[PDB]
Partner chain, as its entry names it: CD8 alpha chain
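Single chain ahead, written as structure tokens, the form deposited without the partner chain.
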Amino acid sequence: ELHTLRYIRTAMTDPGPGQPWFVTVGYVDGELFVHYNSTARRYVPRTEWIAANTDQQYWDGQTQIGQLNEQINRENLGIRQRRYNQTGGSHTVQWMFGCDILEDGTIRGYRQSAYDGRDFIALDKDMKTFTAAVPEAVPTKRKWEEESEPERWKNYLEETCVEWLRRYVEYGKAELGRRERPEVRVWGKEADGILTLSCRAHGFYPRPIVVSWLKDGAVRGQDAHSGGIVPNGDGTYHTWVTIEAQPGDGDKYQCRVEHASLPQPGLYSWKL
């Protein structure tokens, strides 16, 4: 199993040009499914399955949650800035929260905030208190615990968040469980006296994947360079791995690609 629901909020003083100062996007199992920003002023579906399995009051309510959060975040930006004796400039509040459903049936919850890209405050593991990462968050810690905020977030994370995640996973079961095969290409580059072999996987899903370079049978990917897993625009992923080879010895290298969508692991040589 292992499903996830995540919301991430960005509130910035300096978006900037033609960009919304406030944004919230939601992800299920690592895939964007809802979106809200201060320009649209509306929560909006980003997958067909969320749009198909909700009614108008879902979007109207979420929209208003976002509009209210938008105001709350406007104020909180001002408050944090003041705690930092900041008078202007680029500053950002980020929030991350959500829940995991592991394939035990066990649950996990997270709620943490950053300020200017650094930890500011977070609800701790037991969800009974908040932990200030910086002295500037101490007063907030105090106010929240005096207001029973930990209890409130514990409730959302363990009940509301989880219950809704179960619905989302149900709604997009087919989409989330689909498989798409990557088209693989190996390409050879030469600008110096060093041969750069590249292997790219295009449009694979799900996310997990293995791409490696072998030098006549032996993974010689101990010195292969990966650009990691990066996203396409259509809900699939891309990855590319290179390796430097002595001119000559180009016919000794093979890229091997393992992925859940494949009939068998792909194995590809370079040929000019």
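Positions refer to the first chain, counted from 1. Basically, rigid core = biggest C-alpha set you can superpose within 1.5 Å across the two forms.
Below, we turn to the form deposited with the partner chain bound, even though it does not appear here.
Although the partner isn't part of this model, could you tell me whether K128 comes within 4.5 Å of the partner chain in the entry with it bound, counting any heavy atom of the residue?
No - in the entry with it bound, heavy atoms of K128 and the partner chain never come within 4.5 Å of each other.
Report whether the minimum heavy atom distance between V210 and the partner chain in the entry with it bound is within 4.5 Å.
Taking the distances in the entry with it bound, the answer for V210 is yes, it comes within 4.5 Å of the partner chain.
Whether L102 contacts the partner chain in the entry with it bound should be assessed with a 4.5 Å heavy atom distance threshold; does it?
So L102 counts as contacting the partner chain.
Answer for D251 alone: is it within 4.5 Å of the partner chain in the entry with it bound, judged on heavy atom distances?
Contact check for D251: no, nothing within 4.5 Å of the partner chain in the entry with it bound.
Where does the C-alpha shift reach 2 Å or more between this form and the one not shown among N232, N53, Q246, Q222, given a fit on the rigid core?
That would be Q222.
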